[PDB]
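Just one chain follows, in the form deposited in one PDB entry, and it is written as structure tokens.
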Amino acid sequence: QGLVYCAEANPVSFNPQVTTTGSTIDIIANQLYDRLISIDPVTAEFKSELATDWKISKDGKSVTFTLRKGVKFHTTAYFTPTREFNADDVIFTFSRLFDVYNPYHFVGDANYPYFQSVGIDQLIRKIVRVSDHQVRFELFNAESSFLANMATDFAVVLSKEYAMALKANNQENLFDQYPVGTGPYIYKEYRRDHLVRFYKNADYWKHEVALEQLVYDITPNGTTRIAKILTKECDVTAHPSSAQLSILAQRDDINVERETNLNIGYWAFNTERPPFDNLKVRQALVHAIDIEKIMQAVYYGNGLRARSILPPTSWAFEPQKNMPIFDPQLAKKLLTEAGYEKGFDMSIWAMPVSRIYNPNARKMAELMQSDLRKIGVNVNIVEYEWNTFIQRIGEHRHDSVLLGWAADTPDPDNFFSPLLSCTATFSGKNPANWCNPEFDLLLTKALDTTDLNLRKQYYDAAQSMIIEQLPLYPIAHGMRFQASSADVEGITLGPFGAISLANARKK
């Protein structure tokens, strides 16, 4: 049998390395590929994937991976492998991220947002081929987040043989478009705005694959996704509207699965754009937002109001004393004091699709628009197709934006470095457009130690700085929901990372 999965947007690529958009990663990462390691859902320890063993040196500047034997890359309509997975695949894959001599470093989008945002170029010095099935990563400095970054869904292994075969025909541009992986499913077809089609990998190394066919029905309209699951046009629906969760729960042939999840939804200001480059203005504007109203009207009581950028199930979580209280009277007084008594116009950019951390940015924005009109601030809401949206937030065209982050691992660094670091800013991935080296130094010092208490001290200081300076305003943490036909089994939702259908089956 097959499975139809209602997805909220196109994939922007079939290579996880070039994007941080959950919509793309959910479709491609766990389906077509494998990582060297993962985090075990039971023990929360690092788990063997394509690497069967890993040994960190005493200074922590060398990490050696022993690689799994007997792993085959996909045979597709456009590629037949002549050898199995080995060290050269790993060396090619990861050097493509930082090594200008790698012949794919500049191929395609030439952009590797997650890795560049966490400064991979300053991290990996080189990758040594110790043997056919063993590689040693050499680092410039020990970073306590290194293995966690290698467990991200961005850290998949690609095929060097495929890459080099395309290079010899000068077809390198097909490499990230027509993928070859070691994963449980294989690429068949992609029709932009319509569907993507995968089929089972009969040679999957890890286990026999249950489903014969996977189809992703690209349906950006959330109403339509619910309508489709009700009519059995889809078997699984992604990011079900929160307003319709009760309705689904009632149907006996529909399961609504849920998992507490590491994410944050926020309101970020373009701190390089007047008047939002002014702290008093940022402080003034957050006080005018009725957050309680949002928790009920947007999250429908399913959300958790933030007390920090970090959620309470993060080991580095610290609730902040200075979280702004909702007080329009104060807002008006602070606006006046800041020199903007009569207010101004501003844009709030709102996501067009439901996300774990914000089920309805549209409604959120209309609520805030109404709140802000009361202190003389005239909001226009800006929206685009989801991938276009992400692109244009990157060009920092916005005054402010409702966005967020669904954590990729349980390492607290994942909420900071990829989001508010200077490298993230320079990599075009900081929505607040905010570079603060003092902040950055905190993040660096937290990577300089593997001691959790020490790390947490630095993360506490980072959390305080975000609330004191308000590059973004933490709003809430969402619950991770997914709806599916009761006939579907084997899709457990996780507290972090992407959806996997590796174990999915029907009946």
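Heads up: residue numbers just count along the shown sequence, starting at 1.
Per-stretch averaging of Cα B factors for 45-53 and 25-33 places 45-53 on top.
Just going by the entry, 353-361 versus 375-383 on mean CA temperature factor gives the higher value to 375-383. Going by the entry's values, 232 shows the largest Cα B-factor out of 307, 197, 232, 192. The maximum CA B-factor among the listed residues 470, 452, 476, 443, taken from the PDB record, is found at 452.
When the CA B factors of the chain's modelled residues are split into thirds, the value for residue 130 lands in the highest one.
The entry lists a Cα temperature factor for residue 236 that places it in the middle third of the chain's modelled residues. In the deposited entry, the Cα temperature factor of residue 485 sits in the top third of values across the chain's modelled residues. Per the PDB record, residue ranking by Cα B-factor puts residue 7 in the lowest third of the chain. Per the deposited record, the Cα B-factor of residue 219 falls in the lowest third when ranked against the other modelled residues of its chain.
Note that the form deposited in another entry isn't included here; everything after this is about it.
The rigid segments shift between this form and the one not shown, and of the options 478, 462, 282, 234 the one at their hinge is 478. Wider separation of the C-alpha atoms of residue 225 and residue 381, by 3 angstroms or more, is seen in the other entry than in the present form.
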